[PDB]
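Below: one structure, written as structure tokens.
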Amino acid sequence: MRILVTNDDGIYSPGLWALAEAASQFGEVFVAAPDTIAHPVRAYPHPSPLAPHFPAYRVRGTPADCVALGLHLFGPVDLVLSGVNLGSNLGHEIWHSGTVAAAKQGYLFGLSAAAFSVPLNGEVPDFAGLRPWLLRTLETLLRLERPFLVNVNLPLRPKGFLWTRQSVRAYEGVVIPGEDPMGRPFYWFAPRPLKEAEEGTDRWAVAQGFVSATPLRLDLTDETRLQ
Amino acid sequence: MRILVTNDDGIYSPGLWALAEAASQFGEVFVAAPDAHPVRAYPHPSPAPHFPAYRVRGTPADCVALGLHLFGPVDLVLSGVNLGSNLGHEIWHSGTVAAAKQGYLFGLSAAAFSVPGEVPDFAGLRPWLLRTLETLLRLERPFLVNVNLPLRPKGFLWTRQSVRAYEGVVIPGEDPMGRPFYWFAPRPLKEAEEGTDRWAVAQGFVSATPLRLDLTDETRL
Amino acid sequence: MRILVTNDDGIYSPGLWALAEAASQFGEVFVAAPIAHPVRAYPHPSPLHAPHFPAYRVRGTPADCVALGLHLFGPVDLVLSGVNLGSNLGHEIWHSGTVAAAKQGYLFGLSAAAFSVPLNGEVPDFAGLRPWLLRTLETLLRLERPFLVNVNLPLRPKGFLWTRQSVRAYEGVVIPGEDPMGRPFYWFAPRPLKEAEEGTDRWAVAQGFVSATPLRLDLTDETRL
Amino acid sequence: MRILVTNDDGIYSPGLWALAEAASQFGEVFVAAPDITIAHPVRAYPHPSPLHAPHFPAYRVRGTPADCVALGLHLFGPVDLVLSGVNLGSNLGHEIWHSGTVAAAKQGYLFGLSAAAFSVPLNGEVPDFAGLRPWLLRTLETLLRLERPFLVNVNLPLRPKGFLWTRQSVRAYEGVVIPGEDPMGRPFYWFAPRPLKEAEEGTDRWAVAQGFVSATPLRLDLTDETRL
Amino acid sequence: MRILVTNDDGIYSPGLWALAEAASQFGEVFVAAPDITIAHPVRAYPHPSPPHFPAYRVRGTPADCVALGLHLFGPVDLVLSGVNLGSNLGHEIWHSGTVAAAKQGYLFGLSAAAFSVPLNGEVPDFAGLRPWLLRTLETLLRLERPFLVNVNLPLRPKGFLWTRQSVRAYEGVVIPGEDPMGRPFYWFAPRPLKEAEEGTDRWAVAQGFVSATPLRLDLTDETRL
């Protein structure tokens, strides 16, 4: 089977290649990652970091551009994998995720797709320590009925795996007045959730040390307040 | 990360504390060494930096199981350094190797360390241990690697297992007393080929052989 | 056709003599049962119930039995080991003594097979095992040579399957507990993640089929070398 | 009378069933043979006694000979006598100490039952039990007259021609260490300890040498009352 | 005088050197430690002792070490075995490898003493037990030779005592049970009918007294002949 790997952090992200090396254990892997209506898109052959040799291309465009391009240069493709994003994509975050966007693009092109993200801010992810779980997760995903569109989040040091629904919460827009060192005032916008994530939600699962996989939908329509 | 160290020579083998100390330069170390079954274990004081230790009245596999329960999560299982080789055909019956295989069977990276008349000078081997650990720690995980360090290494080398055919030499003999017997002195048909673990250690090179778990010969299935 | 029958359960296991008799149906059977070391061996009487077999009880390892065995009854063209009183499936092969003997034979240039059966519970009826035991040797004997196969016969075979070795991952299950005298201990009882995939020795014998797995000698993982 | 029979060679050993059939002449027999102080698990599965003599209850046991004595007394309790053997190999003089056969009997004695260990010198030619049976019966008859409880070690030559009570042979030794080398040059020492005199009359070793069955009453206490 | 020192734990046991070191305080010490009567091959290997008493690691049993010990070092005036990590009291004396080595010494014509300290919990403080090892050794070295004594040192010794082996009746406690995997088995837990008695090594060690018991070689019960 043939797999297209991309992300939105760029071609030097180690999360990209971790995902590539892990995906290669299941098929021929091809890379198309962003560099840094109709429209021209430049792309250049890129040498894969030193490990198996992955045919790669750095694309002077968006991740969605990379999937498109990738499907043309490496067509045919059976699966589009986006990530591993350096940073989580959970709950309300899924909506505007670039990592997720790329995968959603492959899905719209008729392929099966998945986004992978790990929580950041603070300690760096150990992609060496995550491989076993990327594998287990990829293996699990490949048994699903095609096509599928799944959002995956992995904890820094995972202990299991769970299918999850997206965490959905209400927030209080806490705005706290403040004075900077010079003396200029500003507002500290710091939204806090009105409640802990529920069991069964992606957010809940990563907090518990579980890998999280949420099957996504493409329709944002609220069918109940429609008819 | 978190490293569990064990062996099969026991809690007082300087080879265990030489692997443990070497492993402490890469992560936090915990030790569990031998003296659906029941097992007993007792806290034990380490010789040298302080390592949480435990002596397990059981098999080496047991130490690995019991260590993951007591110190888990663990990322790497290191077994050795064994006093005595563990090359070629010998791997099969290796206790040192069987401990690491246990860590592997549990989803963890694992490595076995051994050294072959005279005794090893660990202070002098240390450099090769560190050097060897860093190398191993750069392999995709999980992994299972068999390592043999000669007394005084002069290099490193990723090797394969030496698999030689033998001739069963049996020669009638008799003890000084008078009781007769049979000498079973098997002998390899050829010499260890280049690039195999045994040949490698013979050259004075540290040997590391990734090991598989499937004993199936698919080429005939 | 000459055959050396050995084992690791020792000279009195009914499983050993059960293998010899099934083996004799295909050639002359000989017996030997338990660095350069000295090894003692003595003549041993075969159970007069079956057509006399020259046998020796060896005071050493099963590997010794095969060595001394090819010396005393040489030439031998097939070394059979078992039938072991206990299975030898999946990860168990690695350490099996029955398998080791067959292995030794192979290292010597000969073809070889190890045979095991499930114990701990009830006892194997070798009379009601003779059909499939005989059939298994017919098959084994059709293989290109030399061969090296691990065989496992369910308590009551109803079929036969060439199989792959079962390779499973485990969860290190360690349950605390205390005995009657009050003292504490730990129960180590590892349980595998997934079930035994079909086509594996463990799946075969669980379905009710004799299992036969060709074995290799190279423990190396070339895909990582 | 009830009799528990075991050994340390295994449940398939004919030395085991010979002692069982023999004991079955004096009472009901129950067998428990192989397949640490702290409490330990021990599995035991029913075993079919060979259909060549009057079938007796039996149990294969995944433990030690002593484990056997204990499970037997439990699955067959109550028992009057614990017989262990017939061990394929001798258990004379210095050898009595680390004997698995004697050990099982000692275990029975420590539970307050009379016990005896039976052995037959091996190495070379294996025993003939049809011909030992009379000697097993004769010995057993002799033992059952003893004031109970008793603890006796019995050794029978292959072709006995008499019976004799004996004391343990106690000889001095010399550690013979002669150098040698395998057929590869490699150096090694040949070590064979050997007694410095012939065994004395009245010792177990002398008896069997002469062709007499030997029987020795045993003590539990290893304390040398002399130096104390 | 000259002394041969061994044990059954191996050449790396702290107990062994804690003994060799205390032994050197009375004569030339030589250490031979571990890795049937018919002639068997034995290999020893020069081993660096950590004072400095010549040493060997012997690919053999403890007995082998006494035999080899004398042939490569001997003649010798005394054999010491230990200190064994773990006690060797009462019924235990029967199958102690520590005692068996001193025994192999006596049977060779030399005086011998086996030393032991309880474990199953905390490790011993050898450098903190030296007081009584030297004392225990002085008392013995003055004993009329040849002698054969079994010494048991409690962890925190407050004295000494010549003893008699504690010999006791037992109850074959057998309680069924089942492992976590639901399988049945029997707990066998023997327990003595009563507590040790004054004058026995088992009672003496429980009162914190170093215990020594002279041992006989003949298991014969004369009051039955």
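The chains in the structure tokens are called A, B, ... from first to last as shown; in each chain the residues are counted from 1, and the ligands are counted from 1 in the order shown.
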Near-region 204-210 of chain B list (10 Å; only C-alpha atoms; drop same-chain fewer than 5 positions) as a PDB file with C-alpha atoms, in the first residue's frame:
ATOM      1  CA  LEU B  87      27.741 -16.006  21.031  1.00  0.00           C
ATOM      2  CA  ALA B 111      19.714  -5.601  25.274  1.00  0.00           C
ATOM      3  CA  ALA B 112      21.947  -8.332  26.668  1.00  0.00           C
ATOM      4  CA  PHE B 113      25.576  -7.646  27.613  1.00  0.00           C
ATOM      5  CA  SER B 114      28.301 -10.299  28.080  1.00  0.00           C
ATOM      6  CA  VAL B 115      32.101 -10.593  28.299  1.00  0.00           C
ATOM      7  CA  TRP B 128      32.886   0.749  25.693  1.00  0.00           C
ATOM      8  CA  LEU B 129      29.705   0.298  27.694  1.00  0.00           C
ATOM      9  CA  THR B 132      27.697   0.888  23.218  1.00  0.00           C
ATOM     10  CA  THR B 135      24.702   3.432  19.900  1.00  0.00           C
ATOM     11  CA  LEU B 136      21.859   1.137  20.946  1.00  0.00           C
ATOM     12  CA  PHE B 143      14.553  -3.381  19.945  1.00  0.00           C
ATOM     13  CA  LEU B 144      16.274  -6.585  21.136  1.00  0.00           C
ATOM     14  CA  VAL B 145      20.047  -6.644  20.844  1.00  0.00           C
ATOM     15  CA  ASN B 146      22.681  -9.193  21.891  1.00  0.00           C
ATOM     16  CA  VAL B 147      25.989  -7.630  22.875  1.00  0.00           C
ATOM     17  CA  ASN B 148      29.394  -9.168  23.495  1.00  0.00           C
ATOM     18  CA  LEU B 149      32.277  -7.033  24.610  1.00  0.00           C
ATOM     19  CA  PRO B 150      35.714  -8.596  24.460  1.00  0.00           C
ATOM     20  CA  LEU B 151      38.030  -8.039  27.454  1.00  0.00           C
ATOM     21  CA  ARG B 152      39.795  -5.120  25.736  1.00  0.00           C
ATOM     22  CA  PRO B 153      37.707  -3.961  22.739  1.00  0.00           C
ATOM     23  CA  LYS B 154      39.297  -2.033  19.888  1.00  0.00           C
ATOM     24  CA  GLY B 155      36.170  -1.181  17.904  1.00  0.00           C
ATOM     25  CA  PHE B 156      32.436  -1.825  17.478  1.00  0.00           C
ATOM     26  CA  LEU B 157      30.422  -3.757  14.919  1.00  0.00           C
ATOM     27  CA  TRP B 158      26.828  -4.614  14.120  1.00  0.00           C
ATOM     28  CA  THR B 159      26.938  -8.379  13.625  1.00  0.00           C
ATOM     29  CA  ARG B 160      24.921 -11.375  12.667  1.00  0.00           C
ATOM     30  CA  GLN B 161      24.681 -14.648  14.550  1.00  0.00           C
ATOM     31  CA  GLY B 195      30.896 -10.138  10.217  1.00  0.00           C
ATOM     32  CA  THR B 196      29.417 -12.749  12.589  1.00  0.00           C
ATOM     33  CA  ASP B 197      29.345 -12.039  16.342  1.00  0.00           C
ATOM     34  CA  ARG B 198      31.923 -14.704  17.177  1.00  0.00           C
ATOM     35  CA  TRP B 199      34.337 -13.644  14.400  1.00  0.00           C
TER      36      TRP B 199
ATOM     37  CA  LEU C 219      18.339 -15.874  15.449  1.00  0.00           C
ATOM     38  CA  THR C 220      19.534 -12.768  13.618  1.00  0.00           C
ATOM     39  CA  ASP C 221      17.091 -10.085  12.548  1.00  0.00           C
ATOM     40  CA  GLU C 222      18.584  -9.225   9.148  1.00  0.00           C
ATOM     41  CA  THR C 223      15.885  -6.593   8.588  1.00  0.00           C
ATOM     42  CA  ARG C 224      17.648  -4.594  11.315  1.00  0.00           C
ATOM     43  CA  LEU C 225      21.147  -5.388  10.216  1.00  0.00           C
TER      44      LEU C 225
END
Selection near residue 114 (chain E), 6 Å with only C-alpha atoms, sequence-local residues under 5 positions removed, as a PyMOL selection string: chain E and resi 80-81+99+102+150-151
Generate a file of the selected residues that holds N, CA and C atoms, formatted as a compact mmCIF listing (two decimals), in the first residue's frame.
# COMPACT_ATOMS: atom_id res chain seq x y z
N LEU E 80 37.24 -23.99 56.21
CA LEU E 80 36.18 -23.06 56.59
C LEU E 80 35.25 -22.90 55.39
N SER E 81 33.95 -22.93 55.66
CA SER E 81 32.93 -22.83 54.63
C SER E 81 31.96 -21.73 55.01
N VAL E 99 27.51 -26.78 54.86
CA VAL E 99 27.96 -27.83 55.75
C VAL E 99 28.61 -28.97 54.96
N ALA E 102 32.37 -28.44 54.60
CA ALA E 102 33.18 -28.62 55.79
C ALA E 102 33.28 -30.15 55.99
N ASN E 150 29.09 -26.63 63.33
CA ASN E 150 28.21 -25.82 62.53
C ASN E 150 27.89 -24.55 63.30
N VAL E 151 28.35 -23.42 62.78
CA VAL E 151 28.12 -22.14 63.43
C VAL E 151 27.00 -21.29 62.82
Contact residues around residue 169 (chain C) with only C-alpha atoms at 9 Å, ignoring same-chain residues under 4 positions, as JSON, numbers by chain: {"B": [104, 105, 106, 107], "C": [191, 192, 193, 194]}
N, CA and C atoms of the current selection, written as a CSV table (one decimal), in the first residue's frame:
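Final output, out22.csv:
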chain,number,residue,atom,x,y,z
B,104,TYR,N,11.5,-7.6,25.9
B,104,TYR,CA,11.0,-7.4,24.6
B,104,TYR,C,9.6,-8.0,24.5
B,105,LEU,N,9.4,-9.2,24.9
B,105,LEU,CA,8.1,-9.8,24.8
B,105,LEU,C,7.0,-8.9,25.5
B,106,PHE,N,7.5,-8.0,26.3
B,106,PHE,CA,6.6,-7.0,27.1
B,106,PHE,C,6.4,-5.7,26.3
B,107,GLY,N,7.0,-5.6,25.1
B,107,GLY,CA,6.9,-4.3,24.4
B,107,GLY,C,8.0,-3.3,24.6
C,191,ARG,N,0.0,-12.5,30.6
C,191,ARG,CA,-1.0,-12.9,29.7
C,191,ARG,C,-0.8,-12.1,28.4
C,192,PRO,N,-0.9,-12.8,27.3
C,192,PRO,CA,-0.7,-12.2,25.9
C,192,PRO,C,-1.8,-11.2,25.6
C,193,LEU,N,-1.4,-10.3,24.7
C,193,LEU,CA,-2.4,-9.3,24.3
C,193,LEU,C,-3.5,-10.0,23.4
C,194,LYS,N,-3.3,-10.0,22.1
C,194,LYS,CA,-4.2,-10.7,21.2
C,194,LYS,C,-4.2,-12.2,21.3
Polymer residues at most 9 Å from region 118-123 of chain A, only C-alpha atoms, same-chain spacing of 4 or more positions, as a list in words: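 After dropping sequence-adjacent residues, the list is residues 15, 84, 85, 86, 87, 88, 89, 152, 153, 154, 155, 156 and 206 of chain A.
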Counting only C-alpha atoms, chain C residues within 7 Å of chain D, as a list in words: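 Residues satisfying the distance criterion: residues 12, 13, 36, 42, 121, 179, 180 and 181 of chain C.
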Selection file, C-alpha atoms, as a PDB file, in the first residue's frame:
ATOM      1  CA  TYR C  12      11.322 -44.203  31.169  1.00  0.00           C
ATOM      2  CA  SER C  13       8.856 -41.768  29.616  1.00  0.00           C
ATOM      3  CA  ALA C  36      34.703 -31.364  25.289  1.00  0.00           C
ATOM      4  CA  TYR C  42      25.017 -47.892  29.478  1.00  0.00           C
ATOM      5  CA  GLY C 121      -4.320 -31.983  33.286  1.00  0.00           C
ATOM      6  CA  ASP C 179       0.264 -17.613  51.707  1.00  0.00           C
ATOM      7  CA  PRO C 180      -1.106 -19.536  54.717  1.00  0.00           C
ATOM      8  CA  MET C 181       1.935 -18.963  56.923  1.00  0.00           C
TER       9      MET C 181
END
Identify, on the basis of only C-alpha atoms, every residue whose closest approach to region 27-35 of chain A does not exceed 8 Å; exclude the query and any residue fewer than 6 positions from it along the same chain; express the result as a compact mmCIF listing (two decimals) with N, CA and C atoms, in the first residue's frame.
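File part_13.txt, as written:
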# COMPACT_ATOMS: atom_id res chain seq x y z
N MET A 1 0.84 -1.24 0.00
CA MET A 1 0.00 0.00 0.00
C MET A 1 0.86 1.28 0.00
N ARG A 2 0.34 2.36 -0.58
CA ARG A 2 1.11 3.62 -0.67
C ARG A 2 0.57 4.76 0.19
N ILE A 3 1.47 5.36 0.99
CA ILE A 3 1.09 6.43 1.92
C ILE A 3 1.75 7.80 1.74
N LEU A 4 0.93 8.85 1.72
CA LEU A 4 1.43 10.21 1.62
C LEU A 4 1.51 10.82 3.05
N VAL A 5 2.69 11.30 3.43
CA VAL A 5 2.89 11.92 4.74
C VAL A 5 3.19 13.41 4.60
N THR A 6 2.51 14.23 5.40
CA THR A 6 2.62 15.67 5.38
C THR A 6 2.35 16.22 6.78
N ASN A 7 2.39 17.55 6.93
CA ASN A 7 2.15 18.18 8.23
C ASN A 7 2.02 19.67 7.99
N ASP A 8 2.00 20.47 9.06
CA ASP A 8 1.96 21.92 8.86
C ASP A 8 3.07 22.60 9.63
N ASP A 9 4.09 21.85 10.03
CA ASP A 9 5.21 22.43 10.76
C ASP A 9 6.40 22.59 9.82
N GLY A 10 6.32 21.97 8.65
CA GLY A 10 7.43 22.09 7.73
C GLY A 10 8.28 20.83 7.63
N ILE A 11 9.09 20.78 6.58
CA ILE A 11 9.92 19.64 6.31
C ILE A 11 11.10 19.32 7.24
N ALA A 20 6.76 9.42 9.35
CA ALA A 20 7.13 8.78 8.08
C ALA A 20 7.77 7.43 8.32
N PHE A 54 13.12 8.17 1.93
CA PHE A 54 11.76 8.52 1.54
C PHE A 54 11.77 9.52 0.41
N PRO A 55 10.98 9.25 -0.63
CA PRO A 55 10.98 10.23 -1.73
C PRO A 55 10.27 11.44 -1.09
N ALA A 56 10.87 12.62 -1.13
CA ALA A 56 10.24 13.78 -0.51
C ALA A 56 10.20 15.01 -1.40
N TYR A 57 9.36 15.96 -1.02
CA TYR A 57 9.21 17.22 -1.73
C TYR A 57 8.85 18.30 -0.74
N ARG A 58 9.57 19.43 -0.75
CA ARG A 58 9.17 20.52 0.12
C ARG A 58 8.31 21.41 -0.77
N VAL A 59 7.08 21.67 -0.33
CA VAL A 59 6.12 22.45 -1.10
C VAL A 59 5.93 23.90 -0.66
N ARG A 60 6.17 24.81 -1.58
CA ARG A 60 6.02 26.22 -1.30
C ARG A 60 4.54 26.55 -1.36
N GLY A 61 3.76 25.93 -0.47
CA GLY A 61 2.33 26.14 -0.42
C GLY A 61 1.77 25.62 0.89
N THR A 62 0.46 25.46 0.96
CA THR A 62 -0.19 24.97 2.17
C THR A 62 -0.13 23.46 2.30
N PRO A 63 -0.56 22.95 3.46
CA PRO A 63 -0.54 21.49 3.63
C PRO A 63 -1.52 20.90 2.58
N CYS A 66 0.11 20.41 -0.44
CA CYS A 66 0.99 19.23 -0.41
C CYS A 66 0.28 17.92 -0.67
N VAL A 67 -0.96 17.80 -0.20
CA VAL A 67 -1.71 16.57 -0.40
C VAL A 67 -1.99 16.51 -1.89
N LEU A 69 -0.52 18.06 -4.43
CA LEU A 69 0.70 17.79 -5.15
C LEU A 69 1.15 16.36 -4.99
N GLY A 70 1.20 15.93 -3.73
CA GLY A 70 1.59 14.58 -3.41
C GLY A 70 0.78 13.55 -4.18
N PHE A 74 3.03 11.22 -6.62
CA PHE A 74 3.14 9.87 -6.10
C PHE A 74 1.86 9.07 -6.30
Interface, chain A side, toward chain B (8 Å; only C-alpha atoms) as an NGL selection string: :A and (128-129 or 131-132)
Contact residues around residue 116 (chain D) with only C-alpha atoms at 10 Å, ignoring same-chain residues under 6 positions, as a PyMOL selection string: chain D and resi 81-85+101-106+108-109+140+143+150-154+215-218
With C-alpha atoms retained, could you export that selection as a short mmCIF file (atom, residue, chain, number, x, y, z; two decimals), in the first residue's frame?
data_model
loop_
_atom_site.label_atom_id
_atom_site.label_comp_id
_atom_site.auth_asym_id
_atom_site.auth_seq_id
_atom_site.Cartn_x
_atom_site.Cartn_y
_atom_site.Cartn_z
CA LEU D 81 3.67 -46.43 56.85
CA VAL D 82 5.58 -44.36 54.29
CA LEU D 83 7.73 -46.36 51.86
CA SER D 84 10.15 -44.60 49.51
CA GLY D 85 11.85 -46.35 46.59
CA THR D 101 14.84 -41.40 48.59
CA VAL D 102 15.90 -41.28 52.26
CA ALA D 103 14.63 -37.71 52.46
CA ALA D 104 11.06 -38.65 51.52
CA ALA D 105 11.08 -41.27 54.29
CA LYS D 106 12.53 -38.86 56.82
CA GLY D 108 7.14 -39.32 56.70
CA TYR D 109 8.91 -39.93 59.99
CA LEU D 140 9.01 -55.71 54.59
CA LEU D 143 10.34 -54.19 59.23
CA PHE D 150 10.86 -46.66 62.92
CA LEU D 151 13.08 -45.02 60.30
CA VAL D 152 15.12 -47.45 58.20
CA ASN D 153 17.45 -47.27 55.21
CA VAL D 154 17.45 -50.43 53.07
CA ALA D 215 19.02 -52.34 56.69
CA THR D 216 20.05 -49.41 58.88
CA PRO D 217 18.05 -47.64 61.58
CA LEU D 218 18.44 -43.89 61.27
#
Residue 165 (chain B) surroundings by only C-alpha atoms, 9 Å radius, close-in-sequence under 6 positions cut, as a PyMOL selection string: (chain B and resi 187-190) or (chain C and resi 106-109)
Print the selection's residues with N, CA, C and O atoms to a file, as a PDB file, in the first residue's frame.
ATOM      1  N   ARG B 187      32.746 -30.306  17.178  1.00  0.00           N
ATOM      2  CA  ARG B 187      33.626 -29.317  16.586  1.00  0.00           C
ATOM      3  C   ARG B 187      33.020 -28.716  15.331  1.00  0.00           C
ATOM      4  O   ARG B 187      32.415 -29.406  14.506  1.00  0.00           O
ATOM      5  N   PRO B 188      33.172 -27.400  15.176  1.00  0.00           N
ATOM      6  CA  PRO B 188      32.633 -26.712  14.008  1.00  0.00           C
ATOM      7  C   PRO B 188      33.358 -27.112  12.706  1.00  0.00           C
ATOM      8  O   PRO B 188      34.589 -27.271  12.678  1.00  0.00           O
ATOM      9  N   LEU B 189      32.584 -27.277  11.638  1.00  0.00           N
ATOM     10  CA  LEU B 189      33.130 -27.647  10.344  1.00  0.00           C
ATOM     11  C   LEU B 189      34.075 -26.581   9.793  1.00  0.00           C
ATOM     12  O   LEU B 189      35.158 -26.911   9.302  1.00  0.00           O
ATOM     13  N   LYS B 190      33.670 -25.313   9.868  1.00  0.00           N
ATOM     14  CA  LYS B 190      34.514 -24.212   9.394  1.00  0.00           C
ATOM     15  C   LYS B 190      34.799 -23.204  10.508  1.00  0.00           C
ATOM     16  O   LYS B 190      34.383 -23.398  11.657  1.00  0.00           O
TER      17      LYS B 190
ATOM     18  N   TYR C 106      20.286 -31.703  13.652  1.00  0.00           N
ATOM     19  CA  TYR C 106      20.388 -30.868  12.470  1.00  0.00           C
ATOM     20  C   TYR C 106      21.804 -30.290  12.320  1.00  0.00           C
ATOM     21  O   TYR C 106      22.359 -30.286  11.222  1.00  0.00           O
ATOM     22  N   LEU C 107      22.380 -29.802  13.420  1.00  0.00           N
ATOM     23  CA  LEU C 107      23.727 -29.243  13.379  1.00  0.00           C
ATOM     24  C   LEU C 107      24.698 -30.273  12.890  1.00  0.00           C
ATOM     25  O   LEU C 107      25.777 -29.923  12.411  1.00  0.00           O
ATOM     26  N   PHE C 108      24.327 -31.543  13.010  1.00  0.00           N
ATOM     27  CA  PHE C 108      25.208 -32.618  12.575  1.00  0.00           C
ATOM     28  C   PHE C 108      24.995 -33.052  11.128  1.00  0.00           C
ATOM     29  O   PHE C 108      25.634 -34.000  10.666  1.00  0.00           O
ATOM     30  N   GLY C 109      24.101 -32.352  10.432  1.00  0.00           N
ATOM     31  CA  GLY C 109      23.817 -32.638   9.035  1.00  0.00           C
ATOM     32  C   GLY C 109      22.573 -33.478   8.791  1.00  0.00           C
ATOM     33  O   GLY C 109      22.157 -33.691   7.637  1.00  0.00           O
TER      34      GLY C 109
END
Those in region 47-176 of chain E with alpha helix (DSSP H) from DSSP, as JSON, numbers by chain: {"E": [62, 63, 64, 65, 66, 67, 68, 69, 70, 71, 72, 97, 98, 99, 100, 101, 102, 103, 104, 105, 106, 130, 131, 132, 133, 134, 135, 136, 137, 138, 139, 140, 141]}
Test item: chain C residues at most 12 Å from chain E, counting only C-alpha atoms, as a list in words: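 Result: residues 35, 36, 37, 38, 39, 40, 120, 121, 173, 174, 175, 176, 177, 178, 179, 180, 181, 182, 183, 186, 187, 188, 189, 190 and 191 of chain C.
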Picked from region 5-222 of chain C by DSSP as strand (DSSP E), as a ChimeraX atom specification: /C:5-6,28-33,37-39,41-44,55-58,79-85,112-117,148-152,160-162,170-171,174-178,184-188,191-192,210-214
Within 9 Å of chain C: residues of chain B, using only C-alpha atoms, as a ChimeraX atom specification: /B:36-41,62,64-66,68-69,88-89,91-93,98,104-107,158-171,173-174,180-187,209-218,220-221
Show me, as JSON lines, the residues of chain A having an atom within 12 Å of chain C, each with the closest atom pair and its distance in Å, using only C-alpha atoms.
{"residue": "A:25", "atom": "CA", "partner": "C:223", "partner_atom": "CA", "distance": 11.4}
{"residue": "A:51", "atom": "CA", "partner": "C:224", "partner_atom": "CA", "distance": 10.5}
{"residue": "A:52", "atom": "CA", "partner": "C:224", "partner_atom": "CA", "distance": 11.3}
{"residue": "A:136", "atom": "CA", "partner": "C:169", "partner_atom": "CA", "distance": 11.7}
{"residue": "A:159", "atom": "CA", "partner": "C:171", "partner_atom": "CA", "distance": 11.5}
{"residue": "A:160", "atom": "CA", "partner": "C:171", "partner_atom": "CA", "distance": 11.7}
